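Down below is the structure, laid out as structure tokens.
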Amino acid sequence: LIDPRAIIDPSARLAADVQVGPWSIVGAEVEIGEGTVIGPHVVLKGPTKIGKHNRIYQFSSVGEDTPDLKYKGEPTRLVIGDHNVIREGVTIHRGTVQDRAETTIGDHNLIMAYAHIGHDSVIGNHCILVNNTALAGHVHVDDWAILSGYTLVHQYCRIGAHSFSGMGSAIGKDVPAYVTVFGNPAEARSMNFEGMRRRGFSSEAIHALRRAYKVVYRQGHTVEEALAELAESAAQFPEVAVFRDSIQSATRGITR
Amino acid sequence: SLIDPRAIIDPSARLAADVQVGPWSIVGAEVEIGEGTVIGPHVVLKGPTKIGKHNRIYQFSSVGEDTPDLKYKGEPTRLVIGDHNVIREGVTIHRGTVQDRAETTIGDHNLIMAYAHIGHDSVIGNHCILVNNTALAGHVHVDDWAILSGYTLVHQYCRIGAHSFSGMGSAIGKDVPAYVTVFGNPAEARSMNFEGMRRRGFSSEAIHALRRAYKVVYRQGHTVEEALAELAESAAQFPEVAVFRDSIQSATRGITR
Amino acid sequence: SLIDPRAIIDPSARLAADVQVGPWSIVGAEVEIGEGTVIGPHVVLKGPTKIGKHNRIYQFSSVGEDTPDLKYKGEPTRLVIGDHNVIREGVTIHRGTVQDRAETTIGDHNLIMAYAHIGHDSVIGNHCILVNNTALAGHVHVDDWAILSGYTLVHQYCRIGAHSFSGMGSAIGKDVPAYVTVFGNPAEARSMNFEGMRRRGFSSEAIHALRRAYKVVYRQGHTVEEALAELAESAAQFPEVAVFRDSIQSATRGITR
Ligand SMILES: C[C@H](NC(=O)CC1CCCCC1)C(=O)Nc1nnn[nH]1
Ligand SMILES: C[C@H](NC(=O)CC1CCCCC1)C(=O)Nc1nnn[nH]1
Ligand SMILES: C[C@H](NC(=O)CC1CCCCC1)C(=O)Nc1nnn[nH]1
């Protein structure tokens, strides 16, 4: 299981069942959950906690210190969930004292080659981060978010549930749930109707959401004016309340 | 000698004459490697994969991996690499998928630069250059002498025509015809790689037939069918224009405009 | 020891006494590493190269490989890196070409983030910052205190001015004057890196001058000679303006507008 060419630091805690490939480093205070498969040439620095049945591929550096000068070598943390996939050369950095001191990844998230998850970035579940997708720092990605290849997400930006970025998107403002965004700078185009039929969203909920969009983007309404309109469809449909709440948590602004 | 002992060469692996494998490089199960190919250190080779003669693969490259696009993978899908290719630091080449060609194909004399990516089932021809972090996103066909500038993105199923040029940070979404220069995100069509044509020792008549050919397709409100019918004479006259007419003809998915 | 025993230290390498080199890192022939510098694991150091004092080089970085550039024929070119620099995970830095000055120079106190690229013959000055996946083509001169944001691209022979700033995903085809802010693909100008000046503690008097100097090049519809002329006066009165006008003078490719 643990290849004899791996460096498993004394103060590790590799729960039994964990595979480590040759020439891989498991650093200080690195909890690796059970069922996991660490590939070869993988560096794990801590203090870090990895969940179960994850897979980390060759040349990935999970749990390093952000290079951000502001951060001054404090003993901060990173937490990955169960059933994730972390592809070749992905970098995932631990938190900062200037925020939550915990970088957090949830469950069932696919994180493709040379993706970056900067300090204090919080990822939900069932997400897809395509090759070279880069989360600046303090980035929240709610469940089922698909970010196309080479998507750049600016600091403190919240990516809504079931949202979708086009290839080479540069996201500066918050992406509401279900919304699709494209180009640099990113601009709202439509809802992610494919992503709704993936959940088996009722044709009413898809149609109620198709409306909920026009209210925000194509009816000349201020944000606060828009939230008031939705509140009844938000009250009736749980799905619309995800979309409604996603807007309401954008102090800085929504991607238009 | 040529095989470094800190490397891991699986029993099934077939290493030909003059092959070098740097220290800590994995040559995986059912990886065939051809004459005088150099594998650097920190290279992962996963099979079933065929690598031809006199290739040079650099460190941190992951050649012949499975596409993550399918979470429950299929086997056996192939990666066929040809002869005299250069694959630079940290390149990622994925093998085919059973639901398409079931092979990723790379030809001869290609230059694939640092941290570039060739997605599953993508075909590459000869003398192609993929600049740093150029990314092909599955079932992509790249014909000969095609130059993709730094960080060019190619959408699923797009066709990169022969002698075509993409500007840096381009997001190609529709087919790129042979010779056509594309730029930006989404990629718009500007002109033709006249510089590339001249380097190939193309006749000035052929280059001027290709200049007048560009305008027929792009600049004169013709339908693709009208445009093709108009190129019939110039194409039969010049093999170089035929390659252009051919590339537009194969584009059912539409051409980059 | 400080030299981890699973490292390769070529006989002809010159490592200072207190140098640290982590496991499975190559330190090849005619590679010089100065005092205090800390090499991480899985690093490839190729020469002829010279690394200064108190540097840090993270896992998977390949410092001193040949440019894959075809015009390079395998000459004895050099790479030189100064003191107090930080080179993050999977950075690629290439030695120079005889075609230019057979050397790639990085100065002191520069932070170069993960999967960033520094092409052949590229001169990086002091206290610069290259954010994740920033790619410099070749013959690129980045002067002191420059901040290129994540996934910024820079064409051949482009010269990034001092205290200048690019935005994330910027694509730079022309020169960035000193202090200017450049954004998008292609790169556009949008007044100057003011908070950058207010950070280092630039004079209130000079910031008004740089603001009125910016109005000349960009906003008064002068030709570059008409603007270079109208600047001379204000440019003689202030160093900051001279450095701005100097950066404008030395633009071989033209300036970003
Ligand atoms: C789902 C797919 N996502 C990708 O990331 C494709 C990337 C291309 C470059 C190489 C790495 C993969 C996509 O369809 N993106 C898209 N299409 N139109 N606008 N955005
Ligand atoms: C072929 C070359 N490729 C490059 O990639 C140039 C840089 C090095 C790598 C990082 C991205 C910039 C190029 O110059 N393309 C181009 N010219 N004008 N617009 N695009
Ligand atoms: C300093 C920061 N640079 C970054 O690189 C932050 C992110 C790192 C990785 C994810 C994508 C960018 C920045 O200035 N961004 C910006 N603001 N306006 N235009 N660009």
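For the structure tokens, the naming scheme is as follows: chains receive sequential letters (A, B, ...) according to their order of presentation, residues are indexed from 1 within each chain, and ligands are indexed from 1 in presentation order.
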Select residues of chain A: the criterion is any atom within 10 Å of an atom of chain C, counting only C-alpha atoms; output as an mmCIF file with N, CA and C atoms, in the first residue's frame.
```
data_model
loop_
_atom_site.group_PDB
_atom_site.id
_atom_site.type_symbol
_atom_site.label_atom_id
_atom_site.label_comp_id
_atom_site.auth_asym_id
_atom_site.auth_seq_id
_atom_site.Cartn_x
_atom_site.Cartn_y
_atom_site.Cartn_z
ATOM 1 N N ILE A 7 8.013 9.221 1.684
ATOM 2 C CA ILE A 7 8.433 9.849 2.973
ATOM 3 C C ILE A 7 7.161 10.159 3.768
ATOM 4 N N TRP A 23 7.843 8.050 -4.216
ATOM 5 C CA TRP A 23 8.444 9.411 -4.219
ATOM 6 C C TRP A 23 7.395 10.461 -3.842
ATOM 7 N N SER A 24 6.396 10.085 -3.032
ATOM 8 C CA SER A 24 5.352 11.008 -2.504
ATOM 9 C C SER A 24 5.683 11.364 -1.050
ATOM 10 N N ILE A 25 5.459 12.623 -0.668
ATOM 11 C CA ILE A 25 5.735 13.167 0.694
ATOM 12 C C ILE A 25 4.400 13.428 1.405
ATOM 13 N N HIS A 41 4.809 11.168 -6.815
ATOM 14 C CA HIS A 41 5.293 12.569 -6.950
ATOM 15 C C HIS A 41 4.245 13.540 -6.397
ATOM 16 N N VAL A 42 3.469 13.127 -5.387
ATOM 17 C CA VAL A 42 2.451 13.992 -4.711
ATOM 18 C C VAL A 42 3.069 14.510 -3.409
ATOM 19 N N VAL A 43 3.057 15.830 -3.210
ATOM 20 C CA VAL A 43 3.507 16.504 -1.957
ATOM 21 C C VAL A 43 2.259 16.903 -1.158
ATOM 22 N N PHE A 59 2.212 14.969 -9.205
ATOM 23 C CA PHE A 59 2.758 16.350 -9.331
ATOM 24 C C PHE A 59 1.825 17.379 -8.681
ATOM 25 N N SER A 60 0.750 16.928 -8.024
ATOM 26 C CA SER A 60 -0.164 17.780 -7.216
ATOM 27 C C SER A 60 0.526 18.144 -5.899
ATOM 28 N N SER A 61 0.445 19.411 -5.487
ATOM 29 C CA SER A 61 0.981 19.924 -4.197
ATOM 30 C C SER A 61 -0.187 20.441 -3.343
ATOM 31 N N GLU A 64 0.090 23.376 0.782
ATOM 32 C CA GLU A 64 1.206 24.356 0.888
ATOM 33 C C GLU A 64 0.657 25.680 1.425
ATOM 34 N N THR A 66 0.040 29.677 1.194
ATOM 35 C CA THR A 66 -0.166 30.678 0.115
ATOM 36 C C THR A 66 1.122 31.485 -0.035
ATOM 37 N N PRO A 67 1.542 31.850 -1.268
ATOM 38 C CA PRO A 67 2.694 32.735 -1.451
ATOM 39 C C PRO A 67 2.349 34.203 -1.144
ATOM 40 N N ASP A 68 1.056 34.449 -0.899
ATOM 41 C CA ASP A 68 0.542 35.810 -0.612
ATOM 42 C C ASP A 68 1.347 36.430 0.516
ATOM 43 N N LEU A 69 2.038 37.522 0.222
ATOM 44 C CA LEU A 69 2.922 38.150 1.229
ATOM 45 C C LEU A 69 2.128 38.441 2.496
ATOM 46 N N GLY A 89 -0.984 17.874 -11.085
ATOM 47 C CA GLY A 89 -0.357 19.192 -10.872
ATOM 48 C C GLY A 89 -1.311 20.239 -10.321
ATOM 49 N N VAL A 90 -2.421 19.819 -9.705
ATOM 50 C CA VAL A 90 -3.374 20.730 -9.000
ATOM 51 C C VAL A 90 -2.678 21.242 -7.737
ATOM 52 N N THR A 91 -2.825 22.534 -7.424
ATOM 53 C CA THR A 91 -2.296 23.157 -6.181
ATOM 54 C C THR A 91 -3.468 23.656 -5.324
ATOM 55 N N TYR A 114 -3.911 21.025 -13.198
ATOM 56 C CA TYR A 114 -3.256 22.351 -13.042
ATOM 57 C C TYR A 114 -4.277 23.394 -12.585
ATOM 58 N N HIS A 116 -6.028 25.572 -9.590
ATOM 59 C CA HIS A 116 -5.523 26.237 -8.358
ATOM 60 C C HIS A 116 -6.701 26.633 -7.467
ATOM 61 N N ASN A 132 -6.791 23.957 -15.335
ATOM 62 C CA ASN A 132 -6.124 25.277 -15.176
ATOM 63 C C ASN A 132 -7.118 26.326 -14.658
ATOM 64 N N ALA A 134 -8.567 28.563 -11.812
ATOM 65 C CA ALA A 134 -7.802 29.214 -10.725
ATOM 66 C C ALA A 134 -8.739 30.037 -9.833
ATOM 67 N N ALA A 136 -8.808 32.572 -6.795
ATOM 68 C CA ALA A 136 -7.872 33.595 -6.271
ATOM 69 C C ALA A 136 -7.606 33.351 -4.782
ATOM 70 N N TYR A 150 -9.545 26.990 -17.735
ATOM 71 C CA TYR A 150 -8.800 28.271 -17.603
ATOM 72 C C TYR A 150 -9.746 29.385 -17.132
ATOM 73 N N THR A 151 -10.691 29.058 -16.239
ATOM 74 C CA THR A 151 -11.580 30.047 -15.570
ATOM 75 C C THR A 151 -10.805 30.715 -14.436
ATOM 76 N N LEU A 152 -10.774 32.051 -14.430
ATOM 77 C CA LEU A 152 -10.089 32.885 -13.406
ATOM 78 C C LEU A 152 -11.155 33.543 -12.522
ATOM 79 N N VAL A 153 -11.170 33.216 -11.227
ATOM 80 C CA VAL A 153 -12.160 33.733 -10.233
ATOM 81 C C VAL A 153 -11.437 34.667 -9.256
ATOM 82 N N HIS A 154 -11.790 35.956 -9.280
ATOM 83 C CA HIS A 154 -11.175 37.044 -8.468
ATOM 84 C C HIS A 154 -11.487 36.818 -6.985
ATOM 85 N N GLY A 168 -11.984 30.181 -20.395
ATOM 86 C CA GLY A 168 -11.174 31.405 -20.293
ATOM 87 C C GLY A 168 -11.955 32.555 -19.694
ATOM 88 N N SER A 169 -12.981 32.256 -18.893
ATOM 89 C CA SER A 169 -13.803 33.261 -18.163
ATOM 90 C C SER A 169 -12.971 33.880 -17.038
ATOM 91 N N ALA A 170 -13.032 35.205 -16.886
ATOM 92 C CA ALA A 170 -12.409 35.964 -15.775
ATOM 93 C C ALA A 170 -13.519 36.593 -14.916
ATOM 94 N N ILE A 171 -13.901 35.913 -13.824
ATOM 95 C CA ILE A 171 -15.035 36.292 -12.930
ATOM 96 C C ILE A 171 -14.533 37.296 -11.881
ATOM 97 N N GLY A 172 -15.058 38.523 -11.917
ATOM 98 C CA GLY A 172 -14.711 39.621 -10.990
ATOM 99 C C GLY A 172 -15.784 39.859 -9.939
ATOM 100 N N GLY A 183 -16.419 34.831 -21.190
ATOM 101 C CA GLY A 183 -15.514 35.910 -21.634
ATOM 102 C C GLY A 183 -14.782 36.565 -20.480
ATOM 103 N N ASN A 184 -13.971 37.582 -20.793
ATOM 104 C CA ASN A 184 -13.080 38.310 -19.847
ATOM 105 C C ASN A 184 -13.197 39.808 -20.129
ATOM 106 N N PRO A 185 -13.973 40.584 -19.331
ATOM 107 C CA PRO A 185 -14.592 40.092 -18.097
ATOM 108 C C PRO A 185 -15.850 39.249 -18.364
#
```
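Fitting chain C onto chain B across all of their Cα atoms brings the RMSD down to 0.9 Å.
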If you count only C-alpha atoms, which residues fall within 7 Å of residue B:92, apart from same-chain ones fewer than 5 positions away, as a list in words?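 Within the cut-off, the hits are residues 61, 62, 63, 116, 117 and 118 of chain B.
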Resulting file, chosen residues, C-alpha atoms, as a tab-separated table (two decimals), in the first residue's frame:
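The result, written out as result24.tsv:
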```tsv
chain	number	residue	atom	x	y	z
B	61	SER	CA	4.70	15.19	-18.16
B	62	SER	CA	1.79	12.69	-17.66
B	63	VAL	CA	1.53	10.88	-21.08
B	116	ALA	CA	0.02	21.93	-22.70
B	117	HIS	CA	-2.87	19.35	-22.80
B	118	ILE	CA	-4.13	16.93	-25.54
```
Would you kindly return, as JSON, numbers by chain, each protein, DNA or RNA residue with an atom no farther than 12 Å from any atom of residue A:231, considering only C-alpha atoms and excluding same-chain residues fewer than 2 positions away? {"A": [212, 215, 224, 225, 226, 227, 228, 229, 233, 234, 235, 236, 237, 238, 240, 241, 242, 243, 244, 245, 247, 248]}
Given the selection you just returned, output its residues as a file containing N, CA and C atoms, formatted as a PDB file, in the first residue's frame.
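Okay, result26.pdb is ready:
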```
ATOM      1  N   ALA A 212     -37.541  33.783 -13.159  1.00  0.00           N
ATOM      2  CA  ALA A 212     -36.709  34.368 -12.080  1.00  0.00           C
ATOM      3  C   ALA A 212     -35.478  35.068 -12.670  1.00  0.00           C
ATOM      4  N   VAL A 215     -36.383  38.565 -14.458  1.00  0.00           N
ATOM      5  CA  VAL A 215     -36.652  39.510 -13.331  1.00  0.00           C
ATOM      6  C   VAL A 215     -35.358  40.247 -12.957  1.00  0.00           C
ATOM      7  N   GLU A 224     -32.174  45.308  -5.530  1.00  0.00           N
ATOM      8  CA  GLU A 224     -33.154  45.272  -4.411  1.00  0.00           C
ATOM      9  C   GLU A 224     -34.565  45.169  -4.979  1.00  0.00           C
ATOM     10  N   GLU A 225     -34.847  45.898  -6.057  1.00  0.00           N
ATOM     11  CA  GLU A 225     -36.164  45.816  -6.732  1.00  0.00           C
ATOM     12  C   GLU A 225     -36.399  44.378  -7.181  1.00  0.00           C
ATOM     13  N   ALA A 226     -35.363  43.726  -7.699  1.00  0.00           N
ATOM     14  CA  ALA A 226     -35.471  42.354  -8.250  1.00  0.00           C
ATOM     15  C   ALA A 226     -35.796  41.342  -7.142  1.00  0.00           C
ATOM     16  N   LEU A 227     -35.112  41.434  -6.000  1.00  0.00           N
ATOM     17  CA  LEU A 227     -35.251  40.488  -4.859  1.00  0.00           C
ATOM     18  C   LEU A 227     -36.705  40.459  -4.369  1.00  0.00           C
ATOM     19  N   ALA A 228     -37.371  41.621  -4.328  1.00  0.00           N
ATOM     20  CA  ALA A 228     -38.769  41.794  -3.863  1.00  0.00           C
ATOM     21  C   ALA A 228     -39.726  41.015  -4.773  1.00  0.00           C
ATOM     22  N   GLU A 229     -39.545  41.130  -6.094  1.00  0.00           N
ATOM     23  CA  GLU A 229     -40.355  40.433  -7.129  1.00  0.00           C
ATOM     24  C   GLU A 229     -40.291  38.916  -6.904  1.00  0.00           C
ATOM     25  N   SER A 233     -42.114  33.576  -5.597  1.00  0.00           N
ATOM     26  CA  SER A 233     -41.617  32.383  -6.338  1.00  0.00           C
ATOM     27  C   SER A 233     -40.526  31.682  -5.514  1.00  0.00           C
ATOM     28  N   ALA A 234     -39.694  32.465  -4.817  1.00  0.00           N
ATOM     29  CA  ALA A 234     -38.672  31.992  -3.855  1.00  0.00           C
ATOM     30  C   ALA A 234     -39.359  31.255  -2.701  1.00  0.00           C
ATOM     31  N   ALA A 235     -40.479  31.798  -2.206  1.00  0.00           N
ATOM     32  CA  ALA A 235     -41.275  31.237  -1.086  1.00  0.00           C
ATOM     33  C   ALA A 235     -41.932  29.917  -1.512  1.00  0.00           C
ATOM     34  N   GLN A 236     -42.401  29.830  -2.764  1.00  0.00           N
ATOM     35  CA  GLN A 236     -43.112  28.640  -3.311  1.00  0.00           C
ATOM     36  C   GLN A 236     -42.096  27.554  -3.695  1.00  0.00           C
ATOM     37  N   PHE A 237     -41.089  27.904  -4.503  1.00  0.00           N
ATOM     38  CA  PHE A 237     -40.076  26.965  -5.057  1.00  0.00           C
ATOM     39  C   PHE A 237     -38.784  27.038  -4.244  1.00  0.00           C
ATOM     40  N   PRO A 238     -38.331  25.914  -3.633  1.00  0.00           N
ATOM     41  CA  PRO A 238     -37.028  25.864  -2.966  1.00  0.00           C
ATOM     42  C   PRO A 238     -35.859  26.190  -3.910  1.00  0.00           C
ATOM     43  N   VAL A 240     -35.839  28.219  -6.591  1.00  0.00           N
ATOM     44  CA  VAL A 240     -35.845  29.689  -6.867  1.00  0.00           C
ATOM     45  C   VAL A 240     -35.241  30.423  -5.661  1.00  0.00           C
ATOM     46  N   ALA A 241     -35.431  29.888  -4.447  1.00  0.00           N
ATOM     47  CA  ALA A 241     -34.906  30.456  -3.180  1.00  0.00           C
ATOM     48  C   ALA A 241     -33.375  30.309  -3.128  1.00  0.00           C
ATOM     49  N   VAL A 242     -32.815  29.277  -3.774  1.00  0.00           N
ATOM     50  CA  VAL A 242     -31.340  29.095  -3.943  1.00  0.00           C
ATOM     51  C   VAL A 242     -30.824  30.273  -4.773  1.00  0.00           C
ATOM     52  N   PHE A 243     -31.456  30.503  -5.931  1.00  0.00           N
ATOM     53  CA  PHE A 243     -31.157  31.593  -6.897  1.00  0.00           C
ATOM     54  C   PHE A 243     -31.338  32.960  -6.220  1.00  0.00           C
ATOM     55  N   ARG A 244     -32.443  33.137  -5.487  1.00  0.00           N
ATOM     56  CA  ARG A 244     -32.794  34.392  -4.767  1.00  0.00           C
ATOM     57  C   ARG A 244     -31.732  34.692  -3.706  1.00  0.00           C
ATOM     58  N   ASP A 245     -31.421  33.708  -2.855  1.00  0.00           N
ATOM     59  CA  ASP A 245     -30.463  33.838  -1.722  1.00  0.00           C
ATOM     60  C   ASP A 245     -29.049  34.077  -2.264  1.00  0.00           C
ATOM     61  N   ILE A 247     -28.105  35.793  -4.968  1.00  0.00           N
ATOM     62  CA  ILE A 247     -28.052  37.252  -5.301  1.00  0.00           C
ATOM     63  C   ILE A 247     -27.888  38.059  -4.007  1.00  0.00           C
ATOM     64  N   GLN A 248     -28.736  37.769  -3.012  1.00  0.00           N
ATOM     65  CA  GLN A 248     -28.887  38.538  -1.747  1.00  0.00           C
ATOM     66  C   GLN A 248     -27.561  38.568  -0.974  1.00  0.00           C
TER      67      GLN A 248
END
```
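When only C-alpha atoms are used to measure the gap to chain C, the shortest distance among B:200, B:95, B:109, B:54 belongs to B:109.
Distances from C:163, C:15, C:181, C:229 to residue C:199 were compared using only C-alpha atoms, and the smallest one belongs to C:163.
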Expected answer as a PyMOL selection string: residues within 6 Å of ligand 1, only C-alpha atoms and all ligand atoms: (chain A and resi 130-131+148-149+166-167) or (chain B and resi 135-137+153-155)
So that I can check the surroundings of residue A:56, please list as a PyMOL selection string every protein, DNA and RNA residue that reaches within 8 Å of it, counting only C-alpha atoms and ignoring chain neighbours fewer than 5 positions away. chain A and resi 37-39+42+85-88
Please identify all polymer residues within 7 Å of residue C:2, counting only C-alpha atoms, omitting same-chain residues fewer than 4 positions from it, and present them as a PyMOL selection string. chain C and resi 19-21
Residues of the last selection are to be written out with N, CA and C atoms, as a PDB file, in the first residue's frame.
```pdb
ATOM      1  N   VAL C  19      23.514  25.628   1.984  1.00  0.00           N
ATOM      2  CA  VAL C  19      22.472  25.365   0.943  1.00  0.00           C
ATOM      3  C   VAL C  19      21.685  24.107   1.333  1.00  0.00           C
ATOM      4  N   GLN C  20      20.353  24.171   1.238  1.00  0.00           N
ATOM      5  CA  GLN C  20      19.420  23.024   1.430  1.00  0.00           C
ATOM      6  C   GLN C  20      18.917  22.550   0.061  1.00  0.00           C
ATOM      7  N   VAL C  21      18.895  21.233  -0.156  1.00  0.00           N
ATOM      8  CA  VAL C  21      18.390  20.578  -1.399  1.00  0.00           C
ATOM      9  C   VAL C  21      17.577  19.343  -0.993  1.00  0.00           C
TER      10      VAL C  21
END
```
With only C-alpha atoms as the counted atoms, please give the residues lying no more than 7 Å from stretch 239-252 of chain C, apart from itself and same-chain residues fewer than 4 positions off, as a ChimeraX atom specification. /C:161,175,177-178,206,209-210,213,228,231,234-235
Can those selected residues be exported to a file as a PDB file, in the first residue's frame so that it contains C-alpha atoms?
```
ATOM      1  CA  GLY C 161       7.590  49.183 -17.282  1.00  0.00           C
ATOM      2  CA  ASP C 175       5.145  47.541 -24.473  1.00  0.00           C
ATOM      3  CA  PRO C 177       4.933  51.999 -20.070  1.00  0.00           C
ATOM      4  CA  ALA C 178       6.190  52.411 -16.437  1.00  0.00           C
ATOM      5  CA  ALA C 206       5.325  63.285  -8.683  1.00  0.00           C
ATOM      6  CA  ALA C 209       3.175  64.846 -12.679  1.00  0.00           C
ATOM      7  CA  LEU C 210       2.727  61.134 -13.706  1.00  0.00           C
ATOM      8  CA  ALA C 213       2.376  62.972 -18.146  1.00  0.00           C
ATOM      9  CA  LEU C 228       8.217  62.222 -26.030  1.00  0.00           C
ATOM     10  CA  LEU C 231       7.317  65.163 -21.808  1.00  0.00           C
ATOM     11  CA  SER C 234       8.189  67.611 -17.013  1.00  0.00           C
ATOM     12  CA  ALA C 235      10.486  64.523 -17.485  1.00  0.00           C
TER      13      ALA C 235
END
```
In stretch 114-176 of chain C, what's strand (DSSP E) per DSSP? Answer as a list in words?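 Filtering stretch 114-176 of chain C down to strand (DSSP E) leaves residues 117, 118, 123, 124, 129, 130, 135, 136, 141, 142, 147, 148, 153, 154, 159, 160, 165, 166, 171 and 172 of chain C.
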Take the residues from that selection and write them out as a PDB file, in the first residue's frame, keeping N, CA and C atoms.
```
ATOM      1  N   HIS C 117       5.895  31.027 -16.375  1.00  0.00           N
ATOM      2  CA  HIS C 117       6.939  30.728 -17.391  1.00  0.00           C
ATOM      3  C   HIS C 117       7.766  31.986 -17.680  1.00  0.00           C
ATOM      4  N   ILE C 118       9.094  31.832 -17.700  1.00  0.00           N
ATOM      5  CA  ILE C 118      10.092  32.887 -18.039  1.00  0.00           C
ATOM      6  C   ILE C 118      10.908  32.387 -19.236  1.00  0.00           C
ATOM      7  N   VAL C 123      14.671  39.404 -19.161  1.00  0.00           N
ATOM      8  CA  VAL C 123      15.288  40.153 -18.023  1.00  0.00           C
ATOM      9  C   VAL C 123      14.184  40.570 -17.044  1.00  0.00           C
ATOM     10  N   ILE C 124      14.169  39.883 -15.851  1.00  0.00           N
ATOM     11  CA  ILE C 124      13.211  40.240 -14.762  1.00  0.00           C
ATOM     12  C   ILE C 124      13.996  41.032 -13.725  1.00  0.00           C
ATOM     13  N   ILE C 129       6.439  40.809  -9.170  1.00  0.00           N
ATOM     14  CA  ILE C 129       5.527  39.688  -8.793  1.00  0.00           C
ATOM     15  C   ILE C 129       4.852  39.149 -10.055  1.00  0.00           C
ATOM     16  N   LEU C 130       5.079  37.868 -10.362  1.00  0.00           N
ATOM     17  CA  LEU C 130       4.421  37.127 -11.471  1.00  0.00           C
ATOM     18  C   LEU C 130       3.452  36.111 -10.860  1.00  0.00           C
ATOM     19  N   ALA C 135       3.062  33.918 -18.210  1.00  0.00           N
ATOM     20  CA  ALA C 135       3.959  33.408 -19.264  1.00  0.00           C
ATOM     21  C   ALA C 135       4.622  34.576 -20.001  1.00  0.00           C
ATOM     22  N   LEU C 136       5.949  34.695 -19.872  1.00  0.00           N
ATOM     23  CA  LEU C 136       6.803  35.663 -20.618  1.00  0.00           C
ATOM     24  C   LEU C 136       7.492  34.915 -21.765  1.00  0.00           C
ATOM     25  N   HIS C 141      11.613  42.142 -21.038  1.00  0.00           N
ATOM     26  CA  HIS C 141      12.274  42.943 -19.970  1.00  0.00           C
ATOM     27  C   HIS C 141      11.218  43.499 -19.006  1.00  0.00           C
ATOM     28  N   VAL C 142      11.024  42.841 -17.858  1.00  0.00           N
ATOM     29  CA  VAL C 142      10.094  43.271 -16.768  1.00  0.00           C
ATOM     30  C   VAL C 142      10.895  44.057 -15.724  1.00  0.00           C
ATOM     31  N   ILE C 147       3.793  44.140 -11.379  1.00  0.00           N
ATOM     32  CA  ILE C 147       2.822  43.121 -10.888  1.00  0.00           C
ATOM     33  C   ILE C 147       1.965  42.650 -12.070  1.00  0.00           C
ATOM     34  N   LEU C 148       2.319  41.509 -12.663  1.00  0.00           N
ATOM     35  CA  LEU C 148       1.501  40.813 -13.691  1.00  0.00           C
ATOM     36  C   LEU C 148       0.564  39.826 -12.982  1.00  0.00           C
ATOM     37  N   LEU C 153      -0.259  37.008 -20.196  1.00  0.00           N
ATOM     38  CA  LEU C 153       0.585  36.561 -21.338  1.00  0.00           C
ATOM     39  C   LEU C 153       1.362  37.765 -21.877  1.00  0.00           C
ATOM     40  N   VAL C 154       2.609  37.545 -22.304  1.00  0.00           N
ATOM     41  CA  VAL C 154       3.539  38.614 -22.772  1.00  0.00           C
ATOM     42  C   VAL C 154       4.284  38.120 -24.017  1.00  0.00           C
ATOM     43  N   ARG C 159       8.391  44.860 -23.266  1.00  0.00           N
ATOM     44  CA  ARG C 159       9.160  45.395 -22.110  1.00  0.00           C
ATOM     45  C   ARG C 159       8.176  46.015 -21.112  1.00  0.00           C
ATOM     46  N   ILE C 160       7.976  45.355 -19.972  1.00  0.00           N
ATOM     47  CA  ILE C 160       6.993  45.740 -18.917  1.00  0.00           C
ATOM     48  C   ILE C 160       7.638  46.806 -18.027  1.00  0.00           C
ATOM     49  N   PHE C 165       1.276  47.357 -13.899  1.00  0.00           N
ATOM     50  CA  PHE C 165       0.334  46.309 -13.434  1.00  0.00           C
ATOM     51  C   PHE C 165      -0.533  45.821 -14.598  1.00  0.00           C
ATOM     52  N   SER C 166      -0.607  44.500 -14.794  1.00  0.00           N
ATOM     53  CA  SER C 166      -1.550  43.839 -15.735  1.00  0.00           C
ATOM     54  C   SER C 166      -2.706  43.223 -14.941  1.00  0.00           C
ATOM     55  N   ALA C 171      -3.338  39.833 -21.998  1.00  0.00           N
ATOM     56  CA  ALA C 171      -2.549  39.394 -23.172  1.00  0.00           C
ATOM     57  C   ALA C 171      -1.850  40.617 -23.783  1.00  0.00           C
ATOM     58  N   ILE C 172      -0.545  40.745 -23.530  1.00  0.00           N
ATOM     59  CA  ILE C 172       0.274  41.948 -23.846  1.00  0.00           C
ATOM     60  C   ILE C 172       1.091  41.686 -25.118  1.00  0.00           C
TER      61      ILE C 172
END
```
Give me, as a ChimeraX atom specification, the residues of stretch 13-250 of chain B that a backbone DSSP run labels helix (DSSP H, G or I). /B:194-199,204-218,224-237,239-249
Figure out the distance between atom CA of residue B:75 and atom CA of residue B:253, please, to one decimal in Å.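 For atom CA of residue B:253 relative to atom CA of residue B:75, the distance reads 29.2 Å.
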